[PDB]
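Readers should treat all values here as calculations from the given coordinates under stated rules, not as data from a laboratory. Cβ placement follows ideal geometry from the backbone for every residue including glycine, while neighbour counts extend to all protein chains displayed.
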Amino acid sequence: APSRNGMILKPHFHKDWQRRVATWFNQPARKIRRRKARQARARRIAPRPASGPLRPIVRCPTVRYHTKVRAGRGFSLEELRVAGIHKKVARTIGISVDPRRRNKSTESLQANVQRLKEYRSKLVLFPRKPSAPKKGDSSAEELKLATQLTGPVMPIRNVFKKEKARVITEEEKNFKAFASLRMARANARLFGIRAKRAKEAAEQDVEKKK
Amino acid sequence: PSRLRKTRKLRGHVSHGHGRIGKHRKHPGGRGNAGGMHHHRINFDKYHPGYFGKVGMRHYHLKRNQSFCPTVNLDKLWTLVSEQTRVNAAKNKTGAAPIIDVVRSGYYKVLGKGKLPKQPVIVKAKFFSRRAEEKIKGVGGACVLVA
Amino acid sequence: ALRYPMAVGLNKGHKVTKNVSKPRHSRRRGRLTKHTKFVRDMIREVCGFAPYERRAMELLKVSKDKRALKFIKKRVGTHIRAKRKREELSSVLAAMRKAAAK
Amino acid sequence: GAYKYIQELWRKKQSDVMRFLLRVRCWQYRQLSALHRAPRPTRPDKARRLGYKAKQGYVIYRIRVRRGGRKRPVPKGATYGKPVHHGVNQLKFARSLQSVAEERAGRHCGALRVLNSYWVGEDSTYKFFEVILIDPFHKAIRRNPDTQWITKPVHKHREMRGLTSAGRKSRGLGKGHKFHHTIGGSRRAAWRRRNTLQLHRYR
RNA sequence: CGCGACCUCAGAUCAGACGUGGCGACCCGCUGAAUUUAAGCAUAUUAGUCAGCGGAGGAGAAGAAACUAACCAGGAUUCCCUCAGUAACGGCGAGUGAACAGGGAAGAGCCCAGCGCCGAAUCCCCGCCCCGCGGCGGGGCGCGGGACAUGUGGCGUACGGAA
RNA sequence: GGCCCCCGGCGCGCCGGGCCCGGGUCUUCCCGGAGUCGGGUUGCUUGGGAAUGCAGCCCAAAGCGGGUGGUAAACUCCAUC
Ligand SMILES: [Mg+2]
Ligand SMILES: [Mg+2]
Ligand SMILES: [Mg+2]
Ligand SMILES: [Mg+2]
Ligand SMILES: [Mg+2]
Ligand SMILES: [Mg+2]
Ligand SMILES: [Mg+2]
Ligand SMILES: [Mg+2]
Ligand SMILES: [Mg+2]
Ligand SMILES: [Mg+2]
Ligand SMILES: [Mg+2]
Ligand SMILES: [Mg+2]
Ligand SMILES: [Mg+2]
Ligand SMILES: [Mg+2]
Ligand SMILES: [Mg+2]
Ligand SMILES: [Mg+2]
Ligand SMILES: [Mg+2]
Ligand SMILES: [Mg+2]
Ligand SMILES: [Mg+2]
Ligand SMILES: [Mg+2]
């Protein structure tokens, strides 16, 4: 029974929940296990970045996130095609490739080509045998580093372009933003009917002739 | 800390602070929010006016990020930028006015609470209030819409 | 007179240049192939027509073509499938009519 | 190629030809036992799309299944309980008849490992099916690398666990908004995830 | 009234293989209550929960979009944090109740049928030799059997593919 | 820290086999899983609400088609598999 003021509150402890309580006494033991396993995987992939493969830059979806930029899942085929890396090979040099990515705008594409180009510059492809054929880099850039790269490879940093102080032309000052927005709202709202009434009026003008 | 709790001080006394006329029985009201309409009604309708009943429109697949529009007041617009933009300005003598990209700092709308200091600006933002616009103009600045 | 890009209204959103890529090969599925067409109609002269199809042809002949569609919708399910079927049946019926006139 | 023809013909099931044949097949099948090993696949085409291959150690049992729904096995009515659960007649099994068909083929030939099934007709009383089975221990399967996944002992009794194409369908899993139940492994697992008090160390 | 092909079917203590029961903490498929709550009760709730049956593995299941979204767009599955006790359901009462985005753990992608080309170019079992043999394999040689054109193998599968 | 056993795992040599295995550029061809989808339905199920998912029964497809695009339907553009 409720007594004088309080949130009329609904707890969800009506099922047999104590049968399915999940404690976290693992977690330290877990955290270590991951960490060992992590250090092992590094050591196995000896001069290769611990990170993984290189991954594309990509914008988030939705109005909310929109402005931010992450690492994506893998580079698109167009981006590999333009960079000039054979897709089947790109996997073998540590370049993530997804093939389900569309590519809508050319601003996101050229950026991601630039990424791969830069990667290919600062990559040290070892030759297959110790005897050195084409592609494989010099023994200088090899002895000076068979070094792993700690952290994510060529990390993405969401960055801003500084706008210098303008002078405010008599035109910026002239603008009526709030009004403009109200107008722009109503024209989206009313576009469709306006077009139907105009289509009606056009039919009335043609009907007047016959 | 049981040490501090009340049951330590109740030891010895019969009823354990629950009285002996009426006792501590199991669920004398009913369990939980039972009787909202009948027999607990008065509490509900003098501390939760409007619990019972429907109202307004349903909306099936609500996704909150569509309606994302965090606001900021003129009150503290200059807070977004380093003091030395607001200082290199009220100085300078070009009549420059520094830009304030509000969307960079994580606010989409610019609403209009507060006095804005007499010092020109260019506020870039997704949305503006009417008053926020007006105040900005009165300072001697320019609102700027961005996508 | 100052056309700032807006986040709201008709020609809204961030103004970005569009690449016009090759459309994915996945998108061309169901496109009727010359050899598949031949197979399809090669079998429509072996197997012939279904019973409901035949009944609809008889309605269409009579020029009672709404009742034909009402029948096909109840039979097939949707309107759009029923309409697309009624056109096929009307095409078949026409190519019989052209074939008879010789 | 002939298979595409066959395929398109079999889609004309209301046709005069295929209806004749289906009636004659279905008569014939009805006049045999509920489970018999077909010497070759009634539908060669279908079998290939489902992964049959006309080599040794692929088998095909044609299995009959009784049709219609599932009446509640309780004496008289007497589903004693709240009258939500009073139903006995108009209620319906979760798995399909085709799955039941496979499950029975699987039951019978324990060594054999159910791959996949297809349909061959239906009377009022029965349905008919054709379950492709495989020996996991016939060298021609063992040594062929592309099949030797079935010889692994995780694939014991696929049909029993809800893992053939048919018995997958009851589980109610696909990508996208039309699912969510089964957004872990399976129906049961999501419930499990959703009804765990995760009780953290620090809270 | 024979002999011979094949088809469909039998029988073998035929040669050689496999399956059967157990365990069941975790896992997959079915099946499925009622105490209980609602201060009564029938829908609801308890709960797709206990009991019941089935089948597994060292994990299982899931998984390479007939996906999300509606953005300047993301990009298999699983797991955690969040979303969120929210959108929604509900004698709109009791009560119940997800998903996307975002940040992480991890990270890996592939193969057929078909359509086509290639003298079936493929497979299984026999038997003789050389090696190897306590996870029955390699190489060679047999007009030695069989499977297979009612389709085996190489190329190839939507990220396009072939010539 | 030592010695002795055994076993693993990775490095080099020799032999036996297999294995003549690319990429871009222009042309000519090639292309998709049916009693399934979808509809009606009844029963269970779901937060999923003029049907989230699974079922039985009846109907029962197409190929610039099909599916999705969280309020039933028709017209219409888009998006997305
Ligand atoms: Mg990582
Ligand atoms: Mg007290
Ligand atoms: Mg007392
Ligand atoms: Mg009292
Ligand atoms: Mg009840
Ligand atoms: Mg289905
Ligand atoms: Mg067992
Ligand atoms: Mg009660
Ligand atoms: Mg009571
Ligand atoms: Mg009572
Ligand atoms: Mg329930
Ligand atoms: Mg149990
Ligand atoms: Mg598995
Ligand atoms: Mg799939
Ligand atoms: Mg997801
Ligand atoms: Mg909150
Ligand atoms: Mg529930
Ligand atoms: Mg082939
Ligand atoms: Mg329910
Ligand atoms: Mg709608």
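Just for the stretch C:8-23: of the residues that are at the interface with chain A (Cβ under 8 Å from one of its Cβ atoms) and part of a loop (DSSP other than H, G, I, E, B), which one is nearest to the chain's Cα centre (by Cα)? Before you say what the answer is, go through the steps one by one.
Initial filter on the stretch C:8-23 (at the interface with chain A (Cβ under 8 Å from one of its Cβ atoms)): C:8-10, C:12, C:16-19, C:21.
Now restrict to residues that are part of a loop (DSSP other than H, G, I, E, B): C:8-10, C:12, C:16-17, C:19, C:21.
Values: C:8: 37, C:9: 35, C:10: 32, C:12: 34, C:16: 36, C:17: 35, C:19: 31, C:21: 27 Å.
Selected residue: C:21.
Within the stretch D:13-27, is there a residue that is more than 10 Å from RNA strand E (Cβ to nearest atom), within 10 Å of chain C (Cβ to nearest Cβ) and of a type in the set (A, V, I, L, M)? Don't jump to the end; show me each part of the working.
First, the residues of the stretch D:13-27 that are more than 10 Å from RNA strand E (Cβ to nearest atom): D:13-27.
Checking which are within 10 Å of chain C (Cβ to nearest Cβ) leaves us with D:13-19.
From what's left, of a type in the set (A, V, I, L, M): D:17-18.
Yes, some residue in the stretch D:13-27 is more than 10 Å from RNA strand E (Cβ to nearest atom), within 10 Å of chain C (Cβ to nearest Cβ) and of a type in the set (A, V, I, L, M).
Here are B:16, B:40: which of them is closer than 20 Å to residue A:4 by Cα and away from ligand 1 (no atom under 16 Å from the Cβ)?
Checking each option against the conditions leaves just B:40.
Within the stretch D:88-203, which helices (runs of 4 or more DSSP H) (wholly inside it) include 2 or more residues that are more than 16 Å from ligand 2 (Cβ to nearest atom) and of a type in the set (A, V, I, L, M, F, W, C)?
In the stretch D:88-203, the matching helices (runs of 4 or more DSSP H) lie at D:97-108, D:139-143, D:187-194.
Give D:70, D:64 a once-over and let me know the one that is among the charged types (D, E, K, R) and in contact (Cβ under 8 Å) with a residue 60 or more places away in the chain.
Going through D:70, D:64 in turn, just one is among the charged types (D, E, K, R) and in contact (Cβ under 8 Å) with a residue 60 or more places away in the chain: D:64.
Among the residues of the stretch B:24-49, which ones are exposed (fewer than 10 other Cβ atoms within 10 Å of the Cβ) and more than 11 Å from chain A (Cβ to nearest Cβ)?
Of everything in the stretch B:24-49, those that are exposed (fewer than 10 other Cβ atoms within 10 Å of the Cβ) and more than 11 Å from chain A (Cβ to nearest Cβ) turn out to be B:25, B:26, B:38, B:49.
Between residues in the stretch D:84-109 that are over 30 Å from residue D:50 (Cβ atoms) and residues that are more than 10 Å from RNA strand F (Cβ to nearest atom) and hydroxyl-bearing (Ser, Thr, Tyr), which pairs lie under 6 Å by C-beta distance while being six or more apart or on different chains?
Correct list of pairs: D:85/D:79; D:86/D:79.
Among the candidates D:48, D:40, D:72, which residue alone is exposed (fewer than 12 other Cβ atoms within 10 Å of the Cβ) and of a type in the set (D, E, K, R)?
The conditions single out D:40.
Tell me the strands (runs of 3 or more DSSP E) entirely within the stretch A:1-97 that contain at least 1 residues that are touching a residue at least 60 places away in the same chain (Cβ under 8 Å), within 14 Å of chain B (Cβ to nearest Cβ) and under 17 Å from the mean Cα position of the chain (by Cα). Talk me through it step by step, then tell me what you get.
Numbers: elements: A:21-23, A:57-59, A:69-71.
Because the criterion is at least 1 residues that are touching a residue at least 60 places away in the same chain (Cβ under 8 Å), within 14 Å of chain B (Cβ to nearest Cβ) and under 17 Å from the mean Cα position of the chain (by Cα), the strands (runs of 3 or more DSSP E) in the stretch A:1-97 that meet it are A:69-71.
Among the residues of the stretch B:105-120, write down those that are crowded, with 17+ Cβ neighbours inside 10 Å, farther than 16 Å from residue C:5 by Cβ and facing chain A (nearest Cβ under 9 Å).
Hit for the stretch B:105-120 is B:120, nothing else.
Determine the pairs where a residue that is more than 10 Å from chain C (Cβ to nearest Cβ) and touching a residue at least 40 places away in the same chain (Cβ under 8 Å), located within the stretch A:161-186, has a partner that is surrounded by 12 or more Cβ atoms within 10 Å (Cβ to Cβ) and small (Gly, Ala, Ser) with Cβ atoms under 7 Å apart, the partner being 6 or more residues away or on another chain.
Filtered contacts from the stretch A:161-186: no entries.
In the stretch D:17-51, which residues are over 27 Å from residue C:44 (Cα atoms) and in a loop (DSSP other than H, G, I, E, B)?
Once the filter is applied, which keeps residues that are over 27 Å from residue C:44 (Cα atoms) and in a loop (DSSP other than H, G, I, E, B), the stretch D:17-51 yields D:31, D:32, D:33, D:34, D:38, D:39, D:40, D:51.
What is the one condition in (1) closer than 17 Å to residue A:164 by Cβ; (2) within 12 Å of chain A (Cβ to nearest Cβ) that residue B:87 does not satisfy?
Residue B:87 satisfies all of (1) closer than 17 Å to residue A:164 by Cβ; (2) within 12 Å of chain A (Cβ to nearest Cβ) except (2).
How many residues are assigned to a helix (DSSP H, G or I) and away from RNA strand E (no atom under 13 Å from the Cβ) if we restrict to the stretch A:111-123? Let's see the steps before the verdict.
Going residue by residue through the stretch A:111-123, those that are assigned to a helix (DSSP H, G or I) are A:111-121.
Narrowing further to those that are away from RNA strand E (no atom under 13 Å from the Cβ): A:113-114, A:116-121.
Qualifying residue count, the stretch A:111-123: 8.
If a residue must be basic (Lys, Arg) and at positive phi, how many such residues does the stretch C:51-102 contain?
Of the residues in that region, 0 qualify.
What's the number of the condition residue B:101 fails, among (1) more than 8 Å from chain A (Cβ to nearest Cβ); (2) under 27 Å from the mean Cα position of the chain (by Cα); (3) not basic (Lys, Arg)?
(1)
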